[PDB]
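The form deposited in one PDB entry is given below as one chain in structure tokens.
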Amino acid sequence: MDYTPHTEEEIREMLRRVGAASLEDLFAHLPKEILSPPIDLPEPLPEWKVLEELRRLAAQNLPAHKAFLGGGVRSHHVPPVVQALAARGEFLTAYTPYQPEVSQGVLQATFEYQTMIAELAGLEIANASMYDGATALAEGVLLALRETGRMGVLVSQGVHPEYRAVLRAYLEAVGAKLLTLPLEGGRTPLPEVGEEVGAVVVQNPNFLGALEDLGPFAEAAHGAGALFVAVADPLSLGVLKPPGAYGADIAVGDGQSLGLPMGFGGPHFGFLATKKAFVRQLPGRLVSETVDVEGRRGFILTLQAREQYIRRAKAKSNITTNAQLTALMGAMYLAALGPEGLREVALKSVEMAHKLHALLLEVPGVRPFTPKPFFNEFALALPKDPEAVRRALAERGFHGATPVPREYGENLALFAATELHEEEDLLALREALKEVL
């Protein structure tokens, strides 16, 4: 089946009007050798059949709703009101707002998103969104290096390993140097920052769920003329002192925790907030308030010299398509919950995580790893291989024990909890873990 409206008579007339003998004739000027390629694709299926096949694939999976898996993505409540609004055809099918007069819906929404992210991070400005947390970090650091003009980077090992891997790729591409600061007792020790360092990166809560004291890191960075980049889960900012209050210059993170569907890893969005004083080095789209000829408030994309269309080779980044729709879902989530609503959700996930940790401490052979205080995720040392444990847990119908790479220690596994977990869920998981061990 297909979506083209053309009837046979319309096709005949159009072909005649353009001087083509047939549809195949429209391609007659391409080199004969590349025509008629041997493409093998399954035969077309009507929409109800396509859905049947999807459901069959879905039926093969074990849904992760209420999963205890962590590592950057958690099973938080996805509010139907948010999804209903983000499903509005105008938001869903609009293109980047280059014709402001008819795009105030998206423009204003983006401006509001920027405001909320800035507030959440305790900073002054934010771009219209990045692809995800990892790429946001890479762009945030590159921003810091362009601003300071240096090439050195210190990154805590407490930063999610995948984030650090992406960061390395972007860094080495531009010739920058990266040094990793190993964790000690689950936390990162204050490093000595040299004048060759342009950025210091630390995540809070860190990968193992541990809370880190950012204050001294910001001072250390500034003392050397380096910028401090903080990686922080947005939901946690609902109750934890934001990097902005610690003196951080740039803040980045992934927005999945803001009511976004897990979607097996994507798509979600990344945020990048910083000081207005660094706006020149800021990558991505930026919306500014303005006015129209009659004095009506309006919004529009601004300072586009930082982008590819105008700056091309000297653009701050090559980013074109961003993560607007999902960023908007995050904004809707923040608006739907408000300051106290967000704080409650954050506190609740922390409460449940702490209750789970207490319960899991009774499992034979299990040892705590992540030190207190930790947020809504924590790592435990298991008496069996984490991958083996996750698998066995799955066989019993439970999603838990997110394997922690050995660079952090042996047999480590992350566990997380959210506002949708109740006492009975924690007990059920523990029994499952006891059975597995």
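Start at 1 with the first residue shown and count on from there. Between two forms, the rigid core is the largest collection of C-alphas that superpose within 1.5 Å.
Keep in mind that the form deposited in another entry is not shown, yet the notes after this line are about it.
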2 Å-or-more CA mover between the shown form and the other one, where superposition uses the core and the choices are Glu112, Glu147, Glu212, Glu307: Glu307
Threshold 2 Å Cα movement between the shown form and the other one at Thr180, rigid core reference: no
Large Cα move at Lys316 between the shown form and the other one, threshold 2 Å, rigid core: yes
Change in CA distance between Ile310 and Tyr95 in that other deposited form, which is 3 Å or more, as closer or farther: farther
Cα distance between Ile310 and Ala126, which in that other deposited form differs by 3 Å or more from this form, closer or farther: closer
